[PDB]
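Peer 1:
Protein chains: 2
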Amino acid sequence: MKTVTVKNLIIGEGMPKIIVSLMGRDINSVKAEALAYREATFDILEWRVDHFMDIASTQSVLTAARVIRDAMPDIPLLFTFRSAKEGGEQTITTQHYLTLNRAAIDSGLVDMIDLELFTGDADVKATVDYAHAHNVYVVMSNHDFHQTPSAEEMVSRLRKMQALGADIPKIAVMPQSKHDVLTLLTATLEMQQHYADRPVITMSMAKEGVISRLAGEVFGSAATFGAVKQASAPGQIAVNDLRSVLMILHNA
Amino acid sequence: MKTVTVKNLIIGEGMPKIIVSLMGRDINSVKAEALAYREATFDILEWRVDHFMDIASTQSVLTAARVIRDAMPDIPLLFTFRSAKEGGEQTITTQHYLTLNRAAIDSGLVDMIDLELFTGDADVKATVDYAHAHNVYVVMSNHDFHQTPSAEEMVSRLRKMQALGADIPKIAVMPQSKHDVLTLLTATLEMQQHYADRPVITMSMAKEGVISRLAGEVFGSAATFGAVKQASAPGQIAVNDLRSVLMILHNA
Ligand SMILES: *[C@H]1C=C(C(=O)[O-])C[C@@H](O)[C@@H]1O
Ligand SMILES: *[C@H]1C=C(C(=O)[O-])C[C@@H](O)[C@@H]1O
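Protein sequence lines correspond, in order, to chains H and U. The opening position of the first sequence corresponds to residue 3 in the numbering used here, with each subsequent residue numbered one higher. The opening position of the second sequence corresponds to residue 3 in the numbering used here, with each subsequent residue numbered one higher.
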């Protein structure tokens, strides 16, 4: 399988990489959070733009990005606007969404952008080519906050993400039973063993799916999310505890 | 489901209980190991009698048990002679095996005894009635050090163990692939959700199955084994790391 080297970090090799989400309401909050996160240990920083209230102005969004970039100029930065249909904080037009993403790619402020699969094939394809031309990596995603589809269906989505040029497919699902957690781990393993030719990120959310956030090295998930102060999705545990379990499982 | 309360410990409720194995070649070794183990934190102590080289004498075996009992009079004590066909250190006659077990039960020195399922139905049934009449609990076991049978076959064995009166069925299997580890977790969940009416202990051995020793609370295994100095079976990790992962997963 291929790996993705962002800055000095190699994704898809070794212990799963830890990603934390920064969530600020405005530039002052973003600024305060970026300075607080400097005292935490993680590998990739994801800025959840949907939590930013001034998304209406491209200049405000780019300015908040520059503030983050200045506080942690070494940390790979993932630019993520999570739409409300997929568990995010806000709803915006596809065109505004694409504009924010192309502008982030253009500015040279971010290392990766998150592009939702169901945005539309033609638009995602176009944005992917744009990201790559600017040397930016694409984490293509899909989230189901209500249930866990079959392993076969999840495997089909991850393969479609690869076909559309995603550098790192990502899928999050909501378990309704412990059985659903096993289905997610199974889909991850089949993906890693037979179809994946690049790093993949998967997770089962909520308390029941917590194990999927820890067993990444065993079943095939190249990165996992932990919480610094507050969680960006249900199930995330503190980064320090997440880091401890990963090392224990890695040196076992 | 029913729980098993050994001393002050409730098995089948809460965080999975940690069991460590004491392995001494002779009375002096057993004595040295028992005093060393006092500085470790675990819930149940399992004495692996098959590692004891003076098993020919019932008096020696009972004397080694009294030494352990005196060093840790509060810790639930599991008496286990593991035959070589199931990964143990020695081979003995069924009659000698039953004699050691009945003598251990008689002495009032142990809280639980391990009885292998494939010893013979009539003998296990008789030894089970004997253990119970003396208020001793039976951990009925089966181990496959070469492969992982189907989930349905594993579920069959665990149910047979319950039918023969086992207080705590236990099954250990060897994974040949990561898929085998998933089969073990699946069998554990099916068992806990549909058939189990008492605590069950399961595990997938080796490095690949390590996750099954950590995810007990999620899938249904009431106890897990950790190593103090040396492992009594492949895959066991240090008790302190095992204890850390269990608490993290428990408070998640
Ligand atoms: C994708 C999924 C998340 C999770 O399940 O941990 C975190 C979000 O911030 C991501 O964008
Ligand atoms: C049963 C199984 C073991 C394991 O797999 O950890 C430990 C042995 O000591 C037991 O008797």
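Just so you know, even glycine gets a beta-carbon here, dropped at the ideal spot from N, CA and C.
Measuring alpha carbon to alpha carbon, tell me which of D243/H, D146/H, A198/H, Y39/H ends up nearest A86/H.
Peer 2: Taking only the C-alpha atoms, the option nearest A86/H is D146/H.
Peer 1: Which chain U residues are close to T188/H, counting only those with a beta carbon under 8 Å from its beta carbon?
Peer 2: Residues of chain U passing the Cβ test: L184.
Peer 1: Are there any heavy atoms of ligand 1 lying less than 7 Å away from the beta-carbon of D182/H, as far as the coordinates show?
Peer 2: Not under cutoff, so the answer is no.
Peer 1: What residues sit near ligand 2, counting only those whose C-beta is closer than 7 Å to one of its heavy atoms, in chain order?
Peer 2: Selection output, chain order preserved: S23/U, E48/U, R50/U, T82/U, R84/U, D116/U, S143/U, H145/U, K172/U, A174/U, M205/U, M207/U, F227/U, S234/U, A235/U, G237/U, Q238/U.
Peer 1: Where does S223/H land, buried or exposed, given buried means 16+ other C-beta within 10 angstroms?
Peer 2: Under this definition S223/H is a buried residue.
Peer 1: Taking 8 Å as the threshold (C-beta atoms), are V202/U and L160/U in contact?
Peer 2: Contact: yes.
Peer 1: So, is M55/U buried or exposed, given that buried needs 16 or more other C-beta atoms within 10 angstroms?
Peer 2: The residue is exposed, with fewer than 16 neighbouring Cβ atoms inside 10 Å.
Peer 1: Could you name the residues of chain H that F221/U contacts, counting a contact when the two beta carbons are closer than 7 Å?
Peer 2: Here the neighbours are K180.
Peer 1: Please state the DSSP three-state secondary structure of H148/U.
Peer 2: Three-state result, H148/U: coil.
Peer 1: Going along chain H, which residues have a C-beta under 9 Å from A217/U?
Peer 2: Near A217/U (Cβ distances below 9 Å), the residues of chain H are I213, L216, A217.
Peer 1: Please specify which runs of the alpha helix (DSSP H), each continuous and at least 4 residues long, are wholly inside the segment 148-216 of chain H, giving them in chain order.
Peer 2: Complete alpha helix (DSSP H) runs here, min 4: 153-165, 180-192, 212-216.
Peer 1: Counting C-beta neighbours from all protein chains within 10 Å, is the total for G110/H 16 or more, i.e. buried, or is it exposed?
Peer 2: Answer is exposed; the Cβ neighbour count stays below 16.
Peer 1: By alpha-carbon positions, which one of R40/U, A254/U, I213/U, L184/U ends up nearest to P236/U?
Peer 2: If we check each option's Cα against that of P236/U, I213/U comes out closest.
Peer 1: For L119/U, which option in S152/U, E41/U, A165/U has the closest C-alpha, if you only look at C-alpha atoms?
Peer 2: Checking every option, the nearest Cα to that of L119/U belongs to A165/U.
Peer 1: Counting only Cβ-Cβ distances shorter than 7 Å, please list the residues of the segment 235-254 of chain U near chain H, keeping chain order.
Peer 2: Cβ contacts with chain H come from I239, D243, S246, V247, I250, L251, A254.
Peer 1: By DSSP's criteria, residue 1/H is part of a beta bridge. Which residues make up the other side?
Peer 2: Since the first residue shown for chain H is 3 and the last is 254, residue 1/H is missing from the structure and cannot be characterised.
Peer 1: When you compare only the Cα positions, how much space is there between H98/U and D116/U?
Peer 2: Those two C-alpha atoms are separated by around 15 Å.
Peer 1: Pick out whichever of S59/U, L64/U, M176/U has its Cα sitting closest to the Cα of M205/U.
Peer 2: Comparing Cα positions, the closest option is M176/U.
Peer 1: Give me whichever residues DSSP pairs with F227/H in a beta bridge.
Peer 2: DSSP lists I21/H as partners of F227/H.
Peer 1: With a threshold of 16 other CB atoms inside 10 Å of the CB of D169/U, please say whether the residue is buried or exposed.
Peer 2: Label assigned to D169/U: buried.
Peer 1: Counting C-beta neighbours from all protein chains within 10 Å, is the total for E41/H 16 or more, i.e. buried, or is it exposed?
Peer 2: Label assigned to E41/H: exposed.
Peer 1: Identify every run of the beta strand (DSSP E) within the segment 97-135 of chain U, keeping only runs that are complete inside it and at least 3 residues long; order them along the chain.
Peer 2: You should have 114-118.
Peer 1: Taking DSSP's pairing of strands, which residues face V141/H in a bridge?
Peer 2: Answer is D116/H, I170/H.
Peer 1: To be precise: take each residue of the segment 77-93 of chain H, compare its Cβ to all Cβ atoms of chain U, and keep it if any distance is under 9 Å. Which residues remain?
Peer 2: So the list is empty, because no residue satisfies the distance condition.
Peer 1: With a cut-off of 8 Å on the beta carbons, I'd call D113/U and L80/U a contact; round off their distance for me.
Peer 2: At roughly 7 Å, the Cβ-Cβ gap stays under 8 Å, so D113/U and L80/U are in contact.
Peer 1: Taking Cβ-Cβ distances shorter than 8 Å, what residues in chain U pair up with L191/H?
Peer 2: The contacting residues are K180, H181, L184.
Peer 1: Does any residue of chain U have a CB that is nearer than 8 Å to the CB of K209/H?
Peer 2: Taking Cβ atoms only, chain U reaches closer than 8 Å to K209/H, which makes this a yes.
Peer 1: Identify the continuous alpha helix (DSSP H) that holds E35/U and give its terminal residues.
Peer 2: 29-38 is the span of the alpha helix (DSSP H), which, as asked, contains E35/U.
Peer 1: Hey, how far is the Cα of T226/U from the Cα of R104/H?
Peer 2: One C-alpha to the other measures close to 51 Å.
Peer 1: Would you decide whether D108/U is buried or exposed? Buried here means 16 or more other CB atoms lie within 10 Å of its CB.
Peer 2: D108/U comes out exposed.
Peer 1: Helix, strand or coil, according to DSSP, for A73/U in the structure here?
Peer 2: Three-state DSSP puts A73/U in a helix.
Peer 1: Given a cut-off of 8 Å on the beta-carbon distance, is the pair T82/H and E48/H in contact?
Peer 2: Yes, the Cβ-Cβ distance between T82/H and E48/H is below 8 Å.
Peer 1: Helix, strand or coil: which one does DSSP assign to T65/U?
Peer 2: Correct three-state label for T65/U: helix.
Peer 1: Could you work out which residue in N253/U, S59/U, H134/U, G218/U is closest to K19/U when comparing CA atoms only?
Peer 2: It is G218/U whose Cα lies nearest to the Cα of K19/U.
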